[PDB]
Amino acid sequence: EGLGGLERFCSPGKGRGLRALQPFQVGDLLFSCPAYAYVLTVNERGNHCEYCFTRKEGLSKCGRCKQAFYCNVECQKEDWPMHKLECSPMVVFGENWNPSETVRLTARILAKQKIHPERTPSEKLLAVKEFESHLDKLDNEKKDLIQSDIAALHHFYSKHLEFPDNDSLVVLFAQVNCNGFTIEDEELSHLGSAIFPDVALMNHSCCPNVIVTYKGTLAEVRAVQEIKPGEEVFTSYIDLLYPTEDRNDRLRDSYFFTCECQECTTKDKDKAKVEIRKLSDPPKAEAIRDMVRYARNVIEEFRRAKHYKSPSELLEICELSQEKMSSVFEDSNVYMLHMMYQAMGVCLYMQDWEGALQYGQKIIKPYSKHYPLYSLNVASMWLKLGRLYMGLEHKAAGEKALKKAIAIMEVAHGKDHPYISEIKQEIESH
């Protein structure tokens, strides 16, 4: 089956890719991909529906496990062939049931291949079986991690799946690591993980021409730039706030390729991204190389500390790190912004609304200067600052920030996306 107005071609040096045949304007929808296989992240059960992802109050709990909710019984029955892979296992394993989301999603992919071997509507251009794996590029540490996931798959999903051999399972796992998507809500909060075959056919660019948004469990690809007939459709696979070197470190590590787009070539946004303090005695080169090294290393240590250190301690880390950095860097620097965004999140947990709003206010502007025009990160930030304002009863400011969020969202999600009608109703109440 073909996908209208688009075409799968051979992108030189980028393997298989998707190009446009007709023109697409900013905001236009390229295509929609129903999810081939998906799973709702554990920290969201009860909040969202396990079948359609609809966010609602009062959802039908599952009688057997009491850990899976639905809007009604049609969603419960419709989700059974997939939920049964964990209902009983969740009750029998109890506190020992902790498969990694990657393992859960892969189990669902195996169940899907068994129930529907034929090509699905989610595979009109690219098929799950023909996914790029990058297995020959794997080293021993990465092969060891894929081995731990195969051990988890067998350990938790043996009641129903018919596993092939380790050769086939390390391939599928490499394929999921290369083409698996993560679903986020209107605030970029993680909801789940899914497999979107046709969507996984678009290569990466740091200057993307399309954004992927989700309408429930449906992928929607909308043009954020003008796409002319014959030019490739490009998506951003990573967080575009960081400098070139950081971006490619993530691209090479996770996707086995070194981007070459205009941005990675000329590195225009790099300067402002690593703004140095216009001091009287401007910092020395080696001082900057040393500060970038320290910053990158503390990013990693904070990722590690978020797993056992109390919020007070984490906040102390963002403050002390921002202290030591503020001597070479400007607050617009992406490393100061990183520590600040993390601090704002910690305040959001502690329910220190005013502290979270203060940090947000400080972050938003540089955030706009660093990301593209239509960026889901910028929109979700405006959305968060807007709901912070409205919660605290700052109607004027909340209305301004919310309007900014709807500005970008109308392009990315389309003007009729339920998220937008929801924010508009959010403006008509406080």
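Basically, rigid core = biggest C-alpha set you can superpose within 1.5 Å across the two forms. Residue numbers here begin at 1 and follow the sequence given.
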Aligning on the core, I want to see which stretch wanders more in 7 other deposited structures of this protein. Is it 161 to 169 or 194 to 202 by C-alpha RMS?
161 to 169
Stretch with larger C-alpha RMS deviation in 7 other deposited structures of this protein, core superposed, 304 to 312 versus 213 to 221:
304 to 312
If you average the CA temperature factors over each stretch, which comes out higher, 311 to 319 or 167 to 175?
311 to 319
When the C-alpha temperature factors are averaged for each of 329 to 337 and 281 to 289, which stretch ends up with the higher value in the entry?
281 to 289
Out of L59, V378, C33, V42, which one has a C-alpha B factor higher than all the others in the entry?
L59
Criterion, highest CA B-factor; candidates, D253, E226, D239, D144:
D144
Report the third (lowest, middle or highest) to which the CA temperature factor of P208 belongs, ranking only the modelled residues of the same chain.
lowest
Select lowest, middle or highest to describe the third in which the CA B-factor of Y70 falls within its chain in this entry.
highest
Comparing against every modelled residue in the chain, figure out the third that the C-alpha B-factor of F234 lands in (lowest, middle or highest).
lowest
Using only modelled residues of the chain, where does the Cα B factor of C49 rank: lowest third, middle third or highest third?
highest
Tell me, lowest, middle or highest third: where does the Cα B factor of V91 rank within its chain?
middle
